[PDB]
Amino acid sequence: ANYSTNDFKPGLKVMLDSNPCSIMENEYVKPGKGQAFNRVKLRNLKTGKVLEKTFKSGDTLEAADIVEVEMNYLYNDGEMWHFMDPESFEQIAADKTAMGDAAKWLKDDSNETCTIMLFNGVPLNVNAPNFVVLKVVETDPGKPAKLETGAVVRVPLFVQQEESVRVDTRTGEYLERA
Ligand SMILES: [Cl-]
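Reading the values: rules and limits
- Residues numbered from 1 in each chain as written, not as in the entry; some residues may be left out.
- Heavy atoms only, no water.
- Residues with missing side-chain atoms left out of burial classes, pairs and counts.
- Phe/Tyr/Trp six-rings, centres within 6.5 Å; stacked < 30°, edge-to-face > 60°.
- Helix = DSSP H or I, 4+ residues; strand = E, 2+ residues; numbered from the N terminus.
- Buried < 20%, exposed > 50% of the residue type's maximum accessible area, 1.4 Å probe, protein only.
- Pairing = 2+ DSSP bridges.
- Axes fitted to C-alpha atoms, helices over the stretch in contact; angles between N-to-C directions.

- In terms of determination method and resolution, the entry is listed under X-ray crystallography at 2.3000 Å.

As C-alpha cells, then:
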C-alpha cells in the first residue's frame, strides 16, 4: 500500500484512474523469454463495471481506503440513512446514492444489520440483509403488492393487506409468508 504486481490477489482494493477498484481475477503470465506480467480483472467499486488490464512487473498501484463494516440501521430522514455500530456505538450516515437499492428493504425501527462499504471513511455502498420481513400496505383482493417501505413486489393472490411477507433483497422477490 503502495502495491506491486506481486501483491495482486482476488479481492484486493486498489486505485485505478482515480477510482477505487477490487481485483476480481489475477493471472500470472511467464513469457519465454522476458518479464513476467499479470492480467487482472478489476471491478470498479463506484460504477460496478468490470475492467481488464495488463500490468508489467514493476508496475505499481496505490491502495484504496476501502473497508466493509457491519452496522445496525436506525432511521432515515428521506435524504440520509443513519446506522450505529453495535460494539463501537459510533454512528455513520449514508446518502441516497450510497444506499442505492438497500433503502427500499429497511423498515422503520427494524434494526437490521447492514453491510456498509466505506471509501475514505465515507459510505460508498450499502447492502441490506439477504432476507427481510416487511408488511404489505397496498394490495387488492400473482399480484402487485406495495410493502411498508414503498418497495413493490409480486405476491401470491392469497396475501392480503397488513399481512407480512419475507422478501429476498438480492432478487427483490417474495419468498414466503411471514
Ligand atoms: Cl409470488
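Description of the packing of aromatic side chains
A ring pair, where both rings are aromatic, is described by two values, the distance of the centres and the angle of the planes.
Right, so step 1: With the rule as written, the count across this model stands at two aromatic pairs.
Right, so step 2: Between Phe8 and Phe55, the ring centres sit 5.2 Å apart and the planes meet at 80°, which makes this aromatic pair edge-to-face. Residue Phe8 is located in the loop between β1 (3-4) and β2 (13-16), and its partner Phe55 is located in strand β5 (residues 50-56); the two are separated by 47 residues in the primary sequence. Per residue, the accessibility class of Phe8 equals that of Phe55, and both read buried.
Right, so step 3: A centroid spacing of 5.6 Å and a plane angle of 50° characterise the contact between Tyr73 and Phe83, whose relative ring orientation is tilted.

Quick notes on the sheet that holds β5
Right, so step 1: A sheet is described by the order of its strands in space; here four strands give the open sequence β2-β3-β4-β5, paired in antiparallel fashion. In the strand order of this sheet, the two ends are held by β2 and β5, each with one partner. Pairs of neighbouring strands in the sheet enclose a mean axial angle of 45°, with direction left out of account.
Right, so step 2: Note that β2 and strand β3 (residues 19-29) share four bridges and pair antiparallel. When the sheet's bridge partners are listed, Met15 is paired in β3 with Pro20.

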